[PDB]
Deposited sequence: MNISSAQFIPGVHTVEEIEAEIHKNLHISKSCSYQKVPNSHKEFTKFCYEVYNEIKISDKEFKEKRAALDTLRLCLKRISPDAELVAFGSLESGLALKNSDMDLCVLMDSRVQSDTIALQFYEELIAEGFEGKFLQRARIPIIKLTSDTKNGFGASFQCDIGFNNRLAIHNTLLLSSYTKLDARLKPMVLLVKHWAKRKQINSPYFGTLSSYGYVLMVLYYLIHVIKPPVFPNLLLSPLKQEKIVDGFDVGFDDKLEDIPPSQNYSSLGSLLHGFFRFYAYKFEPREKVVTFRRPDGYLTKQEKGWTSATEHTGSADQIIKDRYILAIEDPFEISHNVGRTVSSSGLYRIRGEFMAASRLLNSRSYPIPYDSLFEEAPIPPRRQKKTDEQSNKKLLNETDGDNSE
């Protein structure tokens, strides 16, 4: 897997966020943080998602959250419009969202209100990123593949990027032997921490966690990932889980047999009642499995040189 790993790192270095782009987004956060602090001094504007965990590709969108504990949401929107930012305010029932698009760098940022669970799972992925240097390039390459193969559209019957990140994590914890990572949620050193009615606790003392016993290359880890979800993983029977010591959970045990969509079952590490794969339709899953099989077929090809570039060739929309 020497040559494929060489290719993997070549692509990784092209698709990852630049330090310039990251500093630009951090500068943007500080400006937005000032507009909030001038309307509500007790409120805090926190970043979450790819950018915060360091699993972001270049030209990435921002995911921000305003921590409170009530008309502050509309007031903050009005302050941002006054400051010079362009965007819209949207509220469905009691959940407001600010969606910005201008100002002085290129903008495409989303602001949520009290998405505490999201900040916490972003902490979990941040910890794993700090545990092994192979996770960041592996996650970026999977996200680049899913985007290019048109299987990263939740509103079109396929899966979210967060979904793919959990698919990678589950493989690296509970499938690959030796494991790349331990399950931090099930550590004896883990302590319960209830946030919005869910346990967000895990072992965060990474300094005491022994190093990985898995010494495989990035190229090898990726080949295994594709091979696992293409031929071994059966979505009609099993649930992707972070709550079982062996990673073994049937849909029967979970009660996810018949949000009511359980075509592909990815149980969130903290919000265990929420199936991260609820967006995946039957036809969407058919396309996902097809692309996984295609990736596997390519990687074990006996025709040299292997056209590795085809792994990221854009599929018809």
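query: Where are the holes in the model when you compare it to the deposited sequence?
result: Missing C-alpha atoms (numbering from 1) occur across the ranges 1-40, 110-114, 149-153, 309-320, 380-405.
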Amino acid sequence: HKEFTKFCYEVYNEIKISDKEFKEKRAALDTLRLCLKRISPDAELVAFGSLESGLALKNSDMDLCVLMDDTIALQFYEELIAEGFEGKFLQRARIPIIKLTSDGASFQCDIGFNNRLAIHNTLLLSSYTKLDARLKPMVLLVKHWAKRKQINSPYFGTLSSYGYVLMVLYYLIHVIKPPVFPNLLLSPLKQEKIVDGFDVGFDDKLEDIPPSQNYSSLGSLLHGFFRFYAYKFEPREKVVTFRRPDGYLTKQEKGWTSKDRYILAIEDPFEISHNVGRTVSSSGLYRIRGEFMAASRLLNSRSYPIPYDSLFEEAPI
From here on, numbers count along this sequence of modelled residues.
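Basically, rigid core = biggest C-alpha set you can superpose within 1.5 Å across the two forms.
- prompt: Taking C-alpha RMS after core alignment, which stretch differs more from the shown form in 6 other deposited structures of this protein: 90-98, or 236-244?
  reply: Once the cores are fitted, 90-98 deviates more in 6 other deposited structures of this protein.
message: Which of the two stretches, 106-114 versus 161-169, has its Cα atoms farther on average from this form in 6 other deposited structures of this protein when everything is superposed by the rigid core?
response: So, of the two stretches, the farther one in 6 other deposited structures of this protein is 106-114.
- prompt: Is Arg33 a gap in at least one third of the other compared entries?
  reply: Across the other compared entries, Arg33 is absent from none.
field: No coordinates for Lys254 in a third or more of the other PDB entries
entry: Residue status for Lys254: no gap in any other entry.
field: Of 24-32 and 268-276, the stretch whose C-alpha atoms average the higher B-factor in the entry
entry: Result of the comparison: 24-32.
- prompt: On average, which has the higher Cα B-factor in the deposited entry, 141-149 or 80-88?
  reply: Result: 80-88.
query: Which one of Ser187, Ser220, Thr158, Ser106 shows the biggest C-alpha B-factor in the PDB entry?
result: Out of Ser187, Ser220, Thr158, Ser106, the record gives the largest C-alpha B-factor to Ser106.
task: From the list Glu192, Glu234, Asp132, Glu207, select the residue with the highest C-alpha B factor recorded in the entry.
output: Reading the PDB entry, the winner on C-alpha B-factor is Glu207.
message: Splitting the chain's C-alpha B-factors into thirds, which one does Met293 fall into?
response: Bottom third by C-alpha B-factor.
query: Taking the C-alpha B-factors as the PDB entry records them, is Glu253 in the lowest, middle or highest third of its chain?
result: It belongs to the lowest third of the chain when residues are ordered by C-alpha B-factor.
field: Position of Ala56 among the chain's modelled residues by C-alpha B-factor, lowest, middle or highest third
entry: Middle third.
Chain third (lowest, middle, highest) by recorded CA B-factor, residue given as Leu100: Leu100: CA B-factor falls in the highest third of its chain.
message: Using only modelled residues of the chain, where does the Cα B factor of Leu285 rank: lowest third, middle third or highest third?
response: Lowest third, going by the recorded CA B-factors of the chain.
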